[PDB]
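Let us start with two forms of the same protein chain, each given on its own as structure tokens and named structure 1 and structure 2.
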Structure 1
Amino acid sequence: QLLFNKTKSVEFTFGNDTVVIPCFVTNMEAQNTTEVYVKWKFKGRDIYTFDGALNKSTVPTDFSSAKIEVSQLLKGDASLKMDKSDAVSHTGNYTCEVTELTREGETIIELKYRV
């Protein structure tokens, strides 16, 4: 149910020292990163994950420069940054997946009848 400001593609040349792959959720609700999860995929593997429960990011060695700016996630910006080496060696189709996890709670009230 999260909605995106979509972009078909972006382009870089040998002049780019670094690249940004845009990803913007337009209907974020999370007030804290604790229930946000972000996954970037490339050719069907996870090349970046942010686990908001842990406030930690995991990257594979072949995408060692991949990062998001966690300070922007609550605005719905999940944009992927990386160095040109990683960009050049991984041109093609990227998937940006964002999740806001379930939240629940309960409370107990006793209903009393007085006479």
Structure 2
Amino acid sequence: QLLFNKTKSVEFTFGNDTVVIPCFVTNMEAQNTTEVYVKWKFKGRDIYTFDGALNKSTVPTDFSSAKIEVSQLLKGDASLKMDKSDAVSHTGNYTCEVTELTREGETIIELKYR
């Protein structure tokens, strides 16, 4: 099904103004963002969601700064970007679930502090 060039974990420090959690699908065949549905999970909660069919991003209030670059979706890039204030109290394992046309897969990335 869907494949990723997965990463074990990413680290950020005090110098990190914003953090970026990587998520790259290697075998995407979607030609339109309307065929893509991306959901980022943290501790069993949808902390980010991209509805391709409705072209809208959805975030809870504790992840107000969480967003992805939509223009990079069709290239397989579904990396999540947020500010340090939202990442400080949210260290742990993030799940990047990507729904692409007929196929669906997910990968787990860990966000740790140093």
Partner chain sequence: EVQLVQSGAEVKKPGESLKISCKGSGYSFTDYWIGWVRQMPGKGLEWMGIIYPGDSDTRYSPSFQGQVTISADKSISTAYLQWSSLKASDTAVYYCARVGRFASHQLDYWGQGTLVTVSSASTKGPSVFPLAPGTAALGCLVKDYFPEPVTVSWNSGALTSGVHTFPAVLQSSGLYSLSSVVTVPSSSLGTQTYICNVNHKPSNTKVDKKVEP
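Only residues modelled in both forms are compared. Only the largest set of C-alpha atoms that superpose within 1.5 Å between the two forms is called the rigid core. Sequence positions of structure 1, starting at 1, serve as the residue numbers.
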{"property": "Of structures 1 and 2, the one that is the form solved in complex with the partner chain", "result": "2"}
{"property": "Core superposition between structure 1 and structure 2, C-alpha change of residue 105 at least 2 Å", "result": "yes"}
{"property": "Mobile segments between structure 1 and structure 2 [3+ consecutive residues, each C-alpha shifted 2 angstroms or more, core superposed]", "result": "101-114"}
